[PDB]
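Here you get one chain, nothing else, as structure tokens; it is the form deposited in one PDB entry.
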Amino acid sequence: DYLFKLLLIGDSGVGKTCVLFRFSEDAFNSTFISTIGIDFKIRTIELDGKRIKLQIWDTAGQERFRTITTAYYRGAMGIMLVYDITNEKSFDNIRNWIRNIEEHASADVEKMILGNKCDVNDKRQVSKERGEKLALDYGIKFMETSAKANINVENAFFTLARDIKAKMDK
């Protein structure tokens, strides 16, 4: 048994509540129900014959709901930074999210970037290469996901857990 605390952040609308709900309950709902403040889900996976309990925290994307969001950085072991591939602004803002984390979260935290809604190429605004370029500039793993199609969601969380178990084992 380990126990990792995971934080989802990103602009409103990018799909944080949804990747959370796909990973934790294997369900997707098209209906937009905006998030008002923090909450968590729990999932225990298996890495190296060992149990890993994942305590995963959702946050509010709307500006007016994020007054104390920096206080949630405390004791997060990993942070998924989410954007929407069909929304360039949501992608630009990752820069600020990242900076905000460097200033307020431990330098030690593991960080993955997710370009969500990759199932909507018919409305794409961000190239997958801009994605990986950005992630490489900052030295953090990257991946395109869809909470709708269940693409790379297990992937993303397993990987991020891996990189924590790694650093923690040693």
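Residues that one form lacks are left out of the comparison. In case it trips you up, residue 1 is the first one in the sequence shown, and so on. Here, rigid core means the biggest group of C-alpha atoms that superpose within 1.5 Å across both forms.
There is also a form deposited in another entry; it is not shown, and the following applies to it.
Can you tell which of 60, 134, 101, 52 moves its Cα by 2 Å or more between this form and the one not shown, with the two forms laid on the rigid core?
None of the others reach 2 Å, which leaves 60.
Is residue 34 displaced by at least 2 Å at its C-alpha between this form and the one not shown when the rigid core is overlaid?
After core superposition, the C-alpha of residue 34 moves 2 Å or more between this form and the one not shown.
Using a rigid core alignment, state whether the CA of residue 70 is displaced by 2 Å or more between this form and the one not shown.
The answer is yes, as the C-alpha of residue 70 shifts between this form and the one not shown by 2 Å or more after core alignment.
In the other form, the Cα separation between residue 69 and residue 42 changes by 3 Å or more relative to the shown form; did it shrink or grow?
Relative to the displayed form, residue 69 and residue 42 move farther apart in the other form - a change of at least 3 Å between their C-alphas.
How does the C-alpha distance between residue 32 and residue 85 change in the other form compared with the present structure, closer or farther, given a change of 3 angstroms or more?
Farther apart, by at least 3 Å.
Which parts of the chain move between this form and the one not shown, counting only runs of three or more residues whose C-alpha shifts are all 2 Å or more after core fitting?
Shifted runs of three or more residues, which all move 2 Å or more: 30-38, 60-65, 67-71.
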